[PDB]
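> Sharing an experimental structure here, sequence included.
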Amino acid sequence: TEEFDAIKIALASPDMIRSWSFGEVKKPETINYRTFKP
Amino acid sequence: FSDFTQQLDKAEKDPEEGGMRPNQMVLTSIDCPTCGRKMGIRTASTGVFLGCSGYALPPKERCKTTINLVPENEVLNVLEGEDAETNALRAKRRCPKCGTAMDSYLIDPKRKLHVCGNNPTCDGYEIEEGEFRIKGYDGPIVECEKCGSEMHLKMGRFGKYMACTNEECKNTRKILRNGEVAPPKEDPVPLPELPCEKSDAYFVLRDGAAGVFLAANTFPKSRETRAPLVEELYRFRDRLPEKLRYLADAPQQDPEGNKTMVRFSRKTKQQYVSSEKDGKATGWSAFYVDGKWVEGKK
Amino acid sequence: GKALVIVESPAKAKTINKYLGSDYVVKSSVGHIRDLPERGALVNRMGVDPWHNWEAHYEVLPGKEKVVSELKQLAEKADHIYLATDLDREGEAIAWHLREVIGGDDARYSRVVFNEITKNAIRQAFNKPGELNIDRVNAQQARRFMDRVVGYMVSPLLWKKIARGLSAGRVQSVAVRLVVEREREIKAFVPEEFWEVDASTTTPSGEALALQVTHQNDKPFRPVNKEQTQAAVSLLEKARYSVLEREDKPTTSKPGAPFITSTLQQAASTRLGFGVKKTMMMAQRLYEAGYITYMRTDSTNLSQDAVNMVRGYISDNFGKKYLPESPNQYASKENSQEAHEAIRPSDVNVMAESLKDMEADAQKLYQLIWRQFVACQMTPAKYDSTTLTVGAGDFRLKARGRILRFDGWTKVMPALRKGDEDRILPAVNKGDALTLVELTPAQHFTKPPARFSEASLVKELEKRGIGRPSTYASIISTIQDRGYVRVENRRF
Ligand SMILES: [Zn+2]
Ligand SMILES: [Zn+2]
Ligand SMILES: [Zn+2]
């Protein structure tokens, strides 16, 4: 697939992790039980 | 009492006979948003406010538009010490007609208003292209879902409503029996057969993000508070809108034979039923999960 | 049979029942128990008829039903009922109401007054008692009725002439007037510019000496503008400076009086940032836990026992130099009276740090009350004050210094910060020459009167005898809720 040659590891900069995320989660909610929807 | 009544009776008379002066309108150059007319500065038990002279005209030509006067709060600098009050006095404008200082108010995000200290004995007023922020009134701070601006709590002829401070948005929420605020407005059902207990009113059933609750028909005056019992819902099951019927299907009594009430599980956005003894929760609950009612310890 | 004793405060009851044990049944009314709820509607509302020889309609408070009830049955197993409320007219009236709510025959009732908790008091209480004073009771009814008429008859006039929801009252309306007058005072204030000139100099030795210009041509030096200030600096720059006089004198500092409700609120506000209501909440906790005396008092008096207790403590913990030959005296008002006592620790031996059952703020308040109480009975602080007079041409300059010699009471209540006179002055004798280093002119402006703070207004009210310890806080809130004044940055 990606044909990588090696693996690299380092600390996570906060801007980097925020760049990963597609959104913030702000409430402890999971899924509704009347209709099984998040 | 003789002295007091002598003063009271005299005060009751018309201003010309020595009676107490009734409040006095002092106009100013401002355009009423409903009719453009000059506007005057008025005091009520609620505070100090901007009014349009059409309030004194009979219904045909009556104007009930009013504006709230947000004052510019003096921010004394503790680091200035004894100077802090003196500089505050220096900060004030001075009235044209007299030496008395002037006190300052906001009318628009473009306009600012100065008023003399001896108002309404002194009629000096000034208007300035000064822009600051304005609050519709004050109370439980809320965020308007339609514009993100601050929302406050207001009172009027219809009791208590909640409105947004941005003059460009009239999105108004409302107060409800067992919650801080209610989204816009919702779908009510009245019951003449449930009497109130602290008041002579009757109970009505209401829905909102908070849940489903009972409320008294003279709501701003009665302000009486309770959740419905399952047996109550069962008794008025025919009146319940089609969705609400399931709550009437819910188990009416717990395994101990205590009585049950209807509650909102905010973490899962769904109604459930619970039982109480001596007004305390029994630690029992039943929920609706896919067309069935399931029950157990809380 | 068993004797029934009735007091106002529950905490005080529990304490009395102790220094008296069984055989007696102590309880408390916990307040008034009963109170008020031509035009008939107006009279029905007021509960008193000014047009019918003041006939009134008292009725148990909607929150004292239990108290009254539980007090009822207790009157059965009681031989002789002892009304032990405060000796003032309010207490006298509470006794009168109890007697008319419990019923029975006059002879079944007795009036006793408790001096202190000491057995040397709770004993003398039943020793030489008496009965309730009808005159005292009627005096309180007269006050209560006058306050009623004003509030229920003036407010309506306001509703008609001004706006609905408005109110007026003997205490309420003058509190607002005070704020209104200060407001107008501030808004009309016009700052006045004035200048000051200080001079840095060197003694014949080489030491630094700061001086302030006080006179020119024998008139107070006070230029109003920069121009005048310059004309003067020009002269001072070329003048010869010489010492005229050096007055060394011993001066003292004296501790203050123990707290009363008003001063406690002011001290808590200035040293702990506490608002009036909060201060009273903490004080209430402390009282109910037996650490201090009633939080509502207008007297700074101290019993002899209290005074021996504190001197005993000062003697063991600080030494002789801190203990005055005889008790420190204060307050000589010839019209003064005697009521409860001043706010102080119930036991001097109890430190704030040992009240682990109290909130941190309550410990801070206790510490404030404690230190004020112990400092009050210690010796004065002693300083050596020095005043230097200097001449320079037609000008007169001055320098003042002070060196602490003995802390006295400030040992327990330190000087938060050094004052302007808490400094030292170099050795110089009359006739000595001074060398000018630099002249610093400073522009200033007079400032407007300070705005009231909650405690500050309370202080003004008590000064004019307007309110009561138990009502000050309540007054400060009512005028706000009614919309007459507002608080911002802790100022009115
Ligand atoms: Zn208009
Ligand atoms: Zn003016
Ligand atoms: Zn909005």
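On my side now, so go ahead. Residues are numbered from 1 along each chain as shown, chains lettered A, B, ... in the order given. Ligands and ions are numbered 1, 2, ... in the order given.

> ok and the residue in the stretch 301-450 of chain C nearest ligand 1?
Distances between the stretch 301-450 of chain C and ligand 1 by C-beta to the ion are smallest at residue C:448, namely 37.9 Å. Yep, even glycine has a C-beta here, placed from its N, CA and C like the rest.

> let me fix that: the stretch 151-300 of chain C
Closest point on the stretch 151-300 of chain C to ligand 1, by C-beta to the ion, is residue C:163, at 20.3 Å.

> thought that residue was touching residue B:45?
Yes - between residue C:163 and residue B:45 there is a contact under C-beta atoms under 8 Å: 4.4 Å.

> Around chain A, pick out the residues from the stretch 1-150 of chain B.
For the stretch 1-150 of chain B, no residue is in contact with chain A (C-beta under 8 Å from any C-beta of the partner chain).

> those helices in the stretch 1-150 of chain B, which residues are they?
For the stretch 1-150 of chain B, the helices defined by DSSP state H, counting those that start in this stretch cover B:2-12, B:83-91.

> Just say which of those is most tucked in.
Among the helices of the stretch 1-150 of chain B, helix B:83-91 has the highest mean neighbour count (mean count of other C-beta atoms under 10 Å in any protein chain shown), at a mean of 18.

> What residues does whichever residue of chain A sits closest to chain C make contact with?
At 31.3 Å from chain C, residue A:28 is the closest residue in chain A, using C-beta to the nearest C-beta. Residues counted as contacts of residue A:28 (C-beta atoms under 8 Å, 6 or more residues apart in numbering or on different chains) are residue B:267.

> so how far is residue B:267 from it?
7 Å (C-beta to C-beta, to the nearest Å).

> again, but for residue B:156
Distance from residue B:156 to residue B:267, by C-beta to C-beta: 35 Å.

> Contact residues of chain B facing ligand 3?
Applying C-beta under 5 Å from the ion, we find that chain B lies next to ligand 3 at B:144, B:147, B:149, B:164, B:166, B:169, B:171.

> Top of the residues you listed by number of neighbours, please.
Within the residues of chain B next to ligand 3, neighbour counts (other C-beta atoms under 10 Å in any protein chain shown) peak at residue B:164, which reaches 23 neighbours.

> give me phi/psi at that residue?
Backbone torsions of residue B:164, given as degrees, to the nearest 10, read phi -100, psi 140.

> Would you mind measuring from the nearest residue to it once chain neighbours are set aside to ligand 1?
The shortest distance from residue B:164 to any non-neighbouring residue, by C-beta to C-beta, 6 or more residues apart in numbering or on different chains, is to residue B:144 (3.9 Å). Residue B:144 sits 26 Å away from ligand 1, going by C-beta to the ion, to the nearest Å.

> ok, now which ones touch residue B:144?
By C-beta under 8 Å, 6+ apart, the contact set of residue B:144 is B:150-151, B:164, B:166, B:169, B:171.

> Of those, which is the nearest to residue C:248?
The closest of these to residue C:248 turns out to be residue B:150 (C-beta to C-beta; 64.0 Å).

> How about the closest one: what's its closest non-neighbour residue?
Leaving aside its chain neighbours, residue B:150 sits nearest to residue B:165 (4.9 Å; criterion: C-beta to C-beta, 6+ apart).

> Can you report how many residues lie near the one you found?
Residue B:165 has 21 neighbours, counted by other C-beta under 10 Å.

> so it makes contact with residue B:138?
No - using C-beta under 8 Å, residue B:165 makes no contact with residue B:138, being 9.8 Å away.

> Overlap of the contact sets of these two?
Common neighbours of residue B:165 and residue B:138 (C-beta under 8 Å, 6+ apart) are residue B:152.

> Next, the residue of the stretch 301-450 of chain C closest to ligand 1: phi, psi?
When read as degrees, to the nearest 10, the backbone of residue C:448 gives phi -70, psi 160.

> tell me the contacts of it?
Contacts of residue C:448 by C-beta under 8 Å, 6+ apart are B:85-86, B:88-89, C:185-186, C:189, C:191.

> Distance to ligand 2 added to the contacts of residue B:144, as CSV?
Listed next are those as CSV, based on distance: C-beta to the ion, whole Å:
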residue, distance to ligand 2
B:150, 34
B:151, 36
B:164, 35
B:166, 33
B:169, 37
B:171, 40
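
> returning to that earlier point: quick check: the residue nearest to residue B:164 vs chain A, distance?
As judged by C-beta to the nearest C-beta, to the nearest Å, residue B:144 and chain A stand 19 Å apart.

> and what of residue C:124?
As judged by C-beta to the nearest C-beta, residue C:124 and chain A stand 66 Å apart.

> That residue touches residue C:115, doesn't it?
Yes - in this structure residue C:124 lies within contact range of residue C:115 using C-beta under 8 Å: 6.6 Å.

> With neighbour numbers in mind, choose between the two.
Of the pair residue C:124 and residue C:115, residue C:124 is the one with more neighbours under other C-beta under 10 Å, namely 16 against 12.

> Identify the residues contacting the more buried one.
residue C:115.

> Give me every residue in the stretch 1-150 of chain B lying close to ligand 2.
Checking the stretch 1-150 of chain B against ligand 2 by C-beta under 5 Å from the ion, the hits are B:95, B:97-98, B:100, B:116, B:122, B:124.

> how does it look with 8 Å?
Proximity of the stretch 1-150 of chain B to ligand 2 (C-beta under 8 Å from the ion) is limited to residues B:95-100, B:102, B:116-119, B:122-124.

> Just put the residues you listed in JSON lines and tack on distance to residue C:339 and neighbour count.
Formatted as JSON lines, those follow (distance: C-beta to C-beta, whole Å; neighbours: other C-beta atoms under 10 Å in any protein chain shown):
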{"residue": "B:95", "distance to residue C:339": "49", "neighbour count": "23"}
{"residue": "B:96", "distance to residue C:339": "55", "neighbour count": "11"}
{"residue": "B:97", "distance to residue C:339": "52", "neighbour count": "10"}
{"residue": "B:98", "distance to residue C:339": "48", "neighbour count": "15"}
{"residue": "B:99", "distance to residue C:339": "47", "neighbour count": "9"}
{"residue": "B:100", "distance to residue C:339": "44", "neighbour count": "19"}
{"residue": "B:102", "distance to residue C:339": "47", "neighbour count": "23"}
{"residue": "B:116", "distance to residue C:339": "47", "neighbour count": "24"}
{"residue": "B:117", "distance to residue C:339": "42", "neighbour count": "21"}
{"residue": "B:118", "distance to residue C:339": "43", "neighbour count": "18"}
{"residue": "B:119", "distance to residue C:339": "45", "neighbour count": "19"}
{"residue": "B:122", "distance to residue C:339": "47", "neighbour count": "17"}
{"residue": "B:123", "distance to residue C:339": "51", "neighbour count": "16"}
{"residue": "B:124", "distance to residue C:339": "51", "neighbour count": "19"}
